Amino acid sequence: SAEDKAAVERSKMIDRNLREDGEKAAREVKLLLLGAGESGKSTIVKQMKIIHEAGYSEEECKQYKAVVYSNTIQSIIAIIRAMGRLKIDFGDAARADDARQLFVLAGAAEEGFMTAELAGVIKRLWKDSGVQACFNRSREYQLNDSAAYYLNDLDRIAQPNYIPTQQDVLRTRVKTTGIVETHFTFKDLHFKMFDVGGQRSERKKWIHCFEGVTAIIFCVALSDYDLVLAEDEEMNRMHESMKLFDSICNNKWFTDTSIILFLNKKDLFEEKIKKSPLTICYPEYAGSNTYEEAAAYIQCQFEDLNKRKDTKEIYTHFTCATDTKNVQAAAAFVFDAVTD
Amino acid sequence: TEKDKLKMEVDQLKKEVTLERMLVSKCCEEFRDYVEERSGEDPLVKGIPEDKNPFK
Amino acid sequence: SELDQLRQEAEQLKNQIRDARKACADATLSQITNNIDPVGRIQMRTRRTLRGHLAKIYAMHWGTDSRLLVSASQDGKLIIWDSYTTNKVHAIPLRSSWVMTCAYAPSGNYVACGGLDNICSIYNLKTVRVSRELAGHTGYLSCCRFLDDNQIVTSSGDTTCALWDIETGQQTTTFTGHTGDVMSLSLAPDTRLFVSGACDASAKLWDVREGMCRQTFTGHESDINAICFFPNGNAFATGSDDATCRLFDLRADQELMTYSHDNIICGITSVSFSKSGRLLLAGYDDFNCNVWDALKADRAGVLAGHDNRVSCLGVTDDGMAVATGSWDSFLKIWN
Ligand SMILES: Nc1nc2c(ncn2[C@@H]2O[C@H](COP(=O)(O)OP(=O)(O)O)[C@@H](O)[C@H]2O)c(=O)[nH]1
């Protein structure tokens, strides 16, 4: 025919483009982040943009304004609610009125704005010694690790012309519910990094989608070791992370995938281990309660879960994911492990 | 949350309990008879002549 | 606790429903068909191989002309094929490669797809460009089917289904009730109802107009990954991680037949009836599609042309062919 020839030629042209695209895709480095909630995955993704793509524009930063405020409000609310549960009194009784007003105001707040009234309530609460006593007992409830970051900077944050900084954006907890993907180039190679931490669905229905990735970066919050085991009491948080790592590292879907282990939040760990003993997490631990020996112990507890040890190496690095210079050095570590 | 989930499940079950269900035998007969009127012309049952197969 | 009272009440109502279903199980499908002759050995051959994807294929859907079909792969491509000639008509570059479902509009004017981006994207074939990105689900898109060029229904890992107005991009209706990821849906012939299958191991029948669940069907021991209506609109089939397919009857409100064999312990990914309903075709994790006699529960044939999981399949509206798609990156056309 006439049309039939053109349809054949169209198909052949599609075939060429598909082949060229596949050849470019076979050359890219694909990195999947995994790890428990709050372990640092979305922070690492943002750090790749800051390091390799010049960070965030001012207009991009303006868009995190509303989540900075929502994060801040939810942090102080969490501390106040815990005072009732832990039976902690205010340092000044007048703060009870402020606490009441906190809840009234939080319902009336408009996104992207914080009234001077609400800012003053939060400031007075955060300064109160009873609120601070509860904050310092955060291992007994659920409190995100950026709480003090924002609350200590409330004066700057609350200005009507406030524009979030890049560090502010790094610290935000925006809960996307879908996959997050970032692309960059590092030494003439195309990298793609994925984070599914926002997905609340059933992991067994899509983990196999990542069979074939070059490497997994598994993130662990070192500072989770002393969190009290509460409603669900099968395992403490660190042992839940160990069970997930055991599952991933030894997974049939990742036989040919390099396993990188980021033992993250080392800055919070270094401070916690001064007053909170590792035995809270590992009752059998008989070493000293110091940064170096306790960190080593955790590293070995995870590395020991590798079952194909003889064929498979774990690339372990201690990180502070909110420190761009620290992440840039760990990134170099990761490059070496995967490219060759 | 969970309590809110149980209330809705209970509400839904209260509706489903009131359904008037047909005998399985009757439904099976109707299923069979629908298939029997048509399986004789079903290409994946009876096969296709080579000359009439558009995928030859 | 009040919590204690609600849990026991739910179990009591589930038991009442179980008893009422039992009170209507006066006979079984196997008895009713005892006198029908077996279909005999079904032996189909691969007639067309659709080569082009470079990674796992996750879904496919036939156009209503029984000739064109769309496939979706995590190579990041939606390909529209002319199955008669194997020519590629379109190769659409997705914005997110993590696709899990696709659909061909009955008119032939649009296709849809989505996945881990939690978005259902609509593509106009008759301008190819992204016409709409339907945002609202909080979990992956697992299945989607057009009612017409203006409305589409979706299922999601967020445990809901939704009906969308494509022009406005808004969810017109949300279908809530499943307690696990929803994996598949199928529209009734008259598009007034649809059924969904979920990781709570149940299937649900939904009223499109009134946005409510009418019936909840139970019996599977693990996730339902695939669901397909029977052509007369009064029954449907499910395929499950529990290595069984089952036939469910709407008006009996209960399971009629299980299709399984002690040999088969792997999961089922996809189910379809042949045009008459005599055959139920199912794709399996073990790389095969098994062809069941829907009336007798005997396995009548096998389709074994793949080197990895059969992830999807579909029968043409004219009944002339079945398509299989696979993690091995191929689709095959059989009859
Ligand atoms: N101090 C400190 N905070 C961190 C570190 N890594 C992450 N965070 C913070 O901890 C919180 C949870 O981290 P995020 O990346 O959102 O965890 P994700 O759930 O795995 O994505 C965020 O507020 C981060 O700012 C770290 O190494 N040190």
# chains A, B, ... in the order shown; residues from 1 in each chain; ligands from 1
call {"tool": "residues_near_ligand", "arguments": {"ligand": "ligand 1", "cutoff": "9 Å", "atoms": "only C-alpha atoms and all ligand atoms", "output": "count of residues only"}}
result
49
call {"tool": "closest_atom_pairs", "arguments": {"of": "chain A", "to": "chain C", "cutoff": "12 Å", "atoms": "only C-alpha atoms", "output": "CSV"}}
result
residue,atom,partner,partner_atom,distance
A:4,CA,C:85,CA,9.5
A:5,CA,C:87,CA,10.7
A:6,CA,C:87,CA,10.5
A:7,CA,C:87,CA,6.9
A:8,CA,C:87,CA,6.3
A:9,CA,C:87,CA,9.1
A:10,CA,C:89,CA,7.3
A:11,CA,C:88,CA,4.8
A:12,CA,C:88,CA,8.2
A:13,CA,C:88,CA,9.4
A:14,CA,C:91,CA,6.8
A:15,CA,C:52,CA,7.1
A:16,CA,C:52,CA,10.2
A:17,CA,C:91,CA,9.2
A:18,CA,C:52,CA,7.4
A:19,CA,C:52,CA,8.5
A:20,CA,C:54,CA,11.3
A:21,CA,C:75,CA,9.4
A:22,CA,C:54,CA,6.7
A:23,CA,C:54,CA,9.8
A:24,CA,C:75,CA,11.5
A:25,CA,C:75,CA,8.5
A:26,CA,C:54,CA,9.7
A:175,CA,C:138,CA,10.2
A:176,CA,C:138,CA,8.2
A:177,CA,C:138,CA,5.1
A:178,CA,C:117,CA,5.0
A:179,CA,C:117,CA,5.4
A:180,CA,C:117,CA,7.9
A:181,CA,C:96,CA,8.7
A:182,CA,C:96,CA,11.3
A:192,CA,C:97,CA,11.7
A:194,CA,C:98,CA,10.5
A:195,CA,C:116,CA,10.7
A:196,CA,C:116,CA,8.3
A:197,CA,C:116,CA,11.4
A:198,CA,C:139,CA,8.8
A:199,CA,C:139,CA,6.2
A:200,CA,C:139,CA,6.9
A:201,CA,C:157,CA,5.4
A:202,CA,C:181,CA,6.8
A:203,CA,C:157,CA,10.0
A:204,CA,C:199,CA,10.5
A:205,CA,C:181,CA,8.8
A:206,CA,C:116,CA,8.5
A:207,CA,C:116,CA,10.9
A:208,CA,C:56,CA,10.2
A:209,CA,C:98,CA,7.7
A:210,CA,C:98,CA,9.4
A:211,CA,C:56,CA,9.9
A:212,CA,C:55,CA,9.8
call {"tool": "interface_residues", "arguments": {"of": "chain B", "to": "chain C", "cutoff": "6 Å", "atoms": "only C-alpha atoms", "output": "list in words"}}
result
residues 10, 17, 21, 22, 23, 24, 25, 28, 35, 38, 39, 42, 43 and 55 of chain B
call {"tool": "residues_around", "arguments": {"residues": "residue 267 (chain C)", "least_positions_apart": "4", "cutoff": "9 Å", "atoms": "only C-alpha atoms", "output": "ChimeraX atom specification"}}
result
/C:225,239-244,283-286
call {"tool": "write_last_selection", "arguments": {"atoms": "N, CA and C atoms", "output": "PDB file, in the first residue's frame"}}
result
ATOM      1  N   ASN C 225      -4.736  -9.436  43.413  1.00  0.00           N
ATOM      2  CA  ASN C 225      -3.917  -8.606  42.543  1.00  0.00           C
ATOM      3  C   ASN C 225      -4.616  -8.243  41.246  1.00  0.00           C
ATOM      4  N   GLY C 239      -7.864 -12.878  40.940  1.00  0.00           N
ATOM      5  CA  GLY C 239      -6.610 -13.613  41.046  1.00  0.00           C
ATOM      6  C   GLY C 239      -5.799 -13.101  42.215  1.00  0.00           C
ATOM      7  N   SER C 240      -5.226 -14.035  42.986  1.00  0.00           N
ATOM      8  CA  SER C 240      -4.698 -13.720  44.313  1.00  0.00           C
ATOM      9  C   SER C 240      -3.270 -14.229  44.517  1.00  0.00           C
ATOM     10  N   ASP C 241      -2.574 -13.597  45.471  1.00  0.00           N
ATOM     11  CA  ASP C 241      -1.289 -14.107  45.961  1.00  0.00           C
ATOM     12  C   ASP C 241      -1.407 -15.501  46.584  1.00  0.00           C
ATOM     13  N   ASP C 242      -2.622 -15.980  46.867  1.00  0.00           N
ATOM     14  CA  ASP C 242      -2.822 -17.293  47.477  1.00  0.00           C
ATOM     15  C   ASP C 242      -2.877 -18.419  46.448  1.00  0.00           C
ATOM     16  N   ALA C 243      -2.400 -18.169  45.232  1.00  0.00           N
ATOM     17  CA  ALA C 243      -2.284 -19.159  44.167  1.00  0.00           C
ATOM     18  C   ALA C 243      -3.629 -19.625  43.630  1.00  0.00           C
ATOM     19  N   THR C 244      -4.727 -18.961  43.966  1.00  0.00           N
ATOM     20  CA  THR C 244      -6.025 -19.331  43.422  1.00  0.00           C
ATOM     21  C   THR C 244      -6.618 -18.174  42.633  1.00  0.00           C
ATOM     22  N   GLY C 283      -2.539 -15.035  34.568  1.00  0.00           N
ATOM     23  CA  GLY C 283      -1.083 -14.955  34.541  1.00  0.00           C
ATOM     24  C   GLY C 283      -0.474 -15.194  35.911  1.00  0.00           C
ATOM     25  N   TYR C 284       0.683 -15.856  35.914  1.00  0.00           N
ATOM     26  CA  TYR C 284       1.287 -16.364  37.141  1.00  0.00           C
ATOM     27  C   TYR C 284       2.722 -15.892  37.303  1.00  0.00           C
ATOM     28  N   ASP C 285       3.146 -15.847  38.563  1.00  0.00           N
ATOM     29  CA  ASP C 285       4.517 -15.478  38.864  1.00  0.00           C
ATOM     30  C   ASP C 285       5.525 -16.472  38.304  1.00  0.00           C
ATOM     31  N   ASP C 286       5.098 -17.689  37.966  1.00  0.00           N
ATOM     32  CA  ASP C 286       6.017 -18.727  37.513  1.00  0.00           C
ATOM     33  C   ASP C 286       6.262 -18.690  36.003  1.00  0.00           C
TER      34      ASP C 286
END
call {"tool": "residues_around", "arguments": {"residues": "residue 119 (chain A)", "least_positions_apart": "5", "cutoff": "10 Å", "atoms": "only C-alpha atoms", "output": "ChimeraX atom specification"}}
result
/A:73,102,114,124-125,151,154-155,157-159
call {"tool": "write_last_selection", "arguments": {"atoms": "C-alpha atoms", "output": "mmCIF file, in the first residue's frame"}}
result
data_model
loop_
_atom_site.group_PDB
_atom_site.id
_atom_site.type_symbol
_atom_site.label_atom_id
_atom_site.label_comp_id
_atom_site.auth_asym_id
_atom_site.auth_seq_id
_atom_site.Cartn_x
_atom_site.Cartn_y
_atom_site.Cartn_z
ATOM 1 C CA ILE A 73 3.580 24.515 65.397
ATOM 2 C CA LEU A 102 -1.753 27.620 71.344
ATOM 3 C CA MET A 114 2.194 33.343 61.653
ATOM 4 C CA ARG A 124 6.935 32.018 75.937
ATOM 5 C CA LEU A 125 6.157 28.289 75.983
ATOM 6 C CA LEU A 151 11.911 26.968 67.801
ATOM 7 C CA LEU A 154 11.447 31.632 66.095
ATOM 8 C CA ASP A 155 12.248 35.365 66.099
ATOM 9 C CA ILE A 157 11.098 32.764 61.357
ATOM 10 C CA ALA A 158 8.160 34.849 62.583
ATOM 11 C CA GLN A 159 9.093 38.046 60.722
#
call {"tool": "select_by_dssp", "arguments": {"residues": "chain B", "states": "alpha helix (DSSP H)", "output": "PyMOL selection string"}}
result
chain B and resi 2-16+24-36+43-46
call {"tool": "atom_distance", "arguments": {"atom1": "CA of residue 88 (chain A)", "atom2": "CA of residue 130 (chain A)"}}
result
6.4 Å
call {"tool": "residues_around", "arguments": {"residues": "region 122-133 of chain C", "least_positions_apart": "3", "cutoff": "9 Å", "atoms": "only C-alpha atoms", "output": "PyMOL selection string"}}
result
chain C and resi 90+92+108-113+119+166-167+169
call {"tool": "write_last_selection", "arguments": {"atoms": "N, CA, C and O atoms", "output": "PDB file, in the first residue's frame"}}
result
ATOM      1  N   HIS C  90       2.959   4.568  18.477  1.00  0.00           N
ATOM      2  CA  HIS C  90       3.386   5.633  19.361  1.00  0.00           C
ATOM      3  C   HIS C  90       4.325   5.049  20.400  1.00  0.00           C
ATOM      4  O   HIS C  90       4.177   3.896  20.808  1.00  0.00           O
ATOM      5  N   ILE C  92       5.415   6.835  23.934  1.00  0.00           N
ATOM      6  CA  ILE C  92       5.224   8.031  24.749  1.00  0.00           C
ATOM      7  C   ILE C  92       6.282   8.041  25.845  1.00  0.00           C
ATOM      8  O   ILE C  92       6.380   7.062  26.609  1.00  0.00           O
ATOM      9  N   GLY C 108     -10.796   5.184  21.814  1.00  0.00           N
ATOM     10  CA  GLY C 108      -9.524   5.153  21.132  1.00  0.00           C
ATOM     11  C   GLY C 108      -8.793   6.475  21.091  1.00  0.00           C
ATOM     12  O   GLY C 108      -7.709   6.542  20.498  1.00  0.00           O
ATOM     13  N   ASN C 109      -9.333   7.522  21.723  1.00  0.00           N
ATOM     14  CA  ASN C 109      -8.769   8.861  21.608  1.00  0.00           C
ATOM     15  C   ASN C 109      -7.728   9.185  22.669  1.00  0.00           C
ATOM     16  O   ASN C 109      -6.974  10.150  22.496  1.00  0.00           O
ATOM     17  N   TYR C 110      -7.658   8.400  23.740  1.00  0.00           N
ATOM     18  CA  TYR C 110      -6.813   8.703  24.890  1.00  0.00           C
ATOM     19  C   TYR C 110      -6.247   7.412  25.458  1.00  0.00           C
ATOM     20  O   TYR C 110      -6.866   6.357  25.343  1.00  0.00           O
ATOM     21  N   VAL C 111      -5.079   7.512  26.101  1.00  0.00           N
ATOM     22  CA  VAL C 111      -4.586   6.465  26.988  1.00  0.00           C
ATOM     23  C   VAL C 111      -4.284   7.123  28.328  1.00  0.00           C
ATOM     24  O   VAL C 111      -4.183   8.348  28.436  1.00  0.00           O
ATOM     25  N   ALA C 112      -4.175   6.297  29.366  1.00  0.00           N
ATOM     26  CA  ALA C 112      -3.852   6.777  30.709  1.00  0.00           C
ATOM     27  C   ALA C 112      -2.829   5.852  31.334  1.00  0.00           C
ATOM     28  O   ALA C 112      -2.722   4.679  30.969  1.00  0.00           O
ATOM     29  N   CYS C 113      -2.065   6.381  32.292  1.00  0.00           N
ATOM     30  CA  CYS C 113      -1.148   5.532  33.030  1.00  0.00           C
ATOM     31  C   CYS C 113      -0.746   6.239  34.313  1.00  0.00           C
ATOM     32  O   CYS C 113      -1.010   7.431  34.504  1.00  0.00           O
ATOM     33  N   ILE C 119       0.047   9.621  40.487  1.00  0.00           N
ATOM     34  CA  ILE C 119      -0.673  10.448  39.520  1.00  0.00           C
ATOM     35  C   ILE C 119      -1.234   9.569  38.417  1.00  0.00           C
ATOM     36  O   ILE C 119      -0.569   8.642  37.940  1.00  0.00           O
ATOM     37  N   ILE C 166     -12.201  14.489  34.053  1.00  0.00           N
ATOM     38  CA  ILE C 166     -10.882  14.711  33.456  1.00  0.00           C
ATOM     39  C   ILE C 166     -10.693  16.187  33.111  1.00  0.00           C
ATOM     40  O   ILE C 166      -9.605  16.751  33.304  1.00  0.00           O
ATOM     41  N   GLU C 167     -11.741  16.835  32.612  1.00  0.00           N
ATOM     42  CA  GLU C 167     -11.629  18.237  32.198  1.00  0.00           C
ATOM     43  C   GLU C 167     -11.258  19.135  33.374  1.00  0.00           C
ATOM     44  O   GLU C 167     -10.370  19.991  33.262  1.00  0.00           O
ATOM     45  N   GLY C 169     -10.062  17.962  36.278  1.00  0.00           N
ATOM     46  CA  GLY C 169      -9.002  17.347  37.050  1.00  0.00           C
ATOM     47  C   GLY C 169      -9.325  17.012  38.488  1.00  0.00           C
ATOM     48  O   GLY C 169      -8.413  16.634  39.231  1.00  0.00           O
TER      49      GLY C 169
END
call {"tool": "select_by_dssp", "arguments": {"residues": "region 225-322 of chain C", "states": "strand (DSSP E)", "output": "ChimeraX atom specification"}}
result
/C:225-229,235-240,245-249,254-259,268-273,279-284,289-293,299-303,310-315,322
call {"tool": "atom_distance", "arguments": {"atom1": "CA of residue 284 (chain A)", "atom2": "CA of residue 236 (chain A)"}}
result
14.4 Å
call {"tool": "atom_distance", "arguments": {"atom1": "CA of residue 31 (chain B)", "atom2": "CA of residue 18 (chain B)"}}
result
24.3 Å
call {"tool": "residues_around", "arguments": {"residues": "residue 132 (chain A)", "least_positions_apart": "2", "cutoff": "12 Å", "atoms": "only C-alpha atoms", "output": "list in words"}}
result
residues 76, 79, 80, 82, 83, 88, 89, 90, 91, 123, 124, 125, 126, 127, 128, 129, 130, 134, 135, 136, 137, 138, 147, 148, 151 and 152 of chain A
call {"tool": "residues_around", "arguments": {"residues": "residue 256 (chain A)", "least_positions_apart": "3", "cutoff": "9 Å", "atoms": "only C-alpha atoms", "output": "JSON, numbers by chain"}}
result
{"A": [211, 212, 213, 214, 215, 253, 312]}
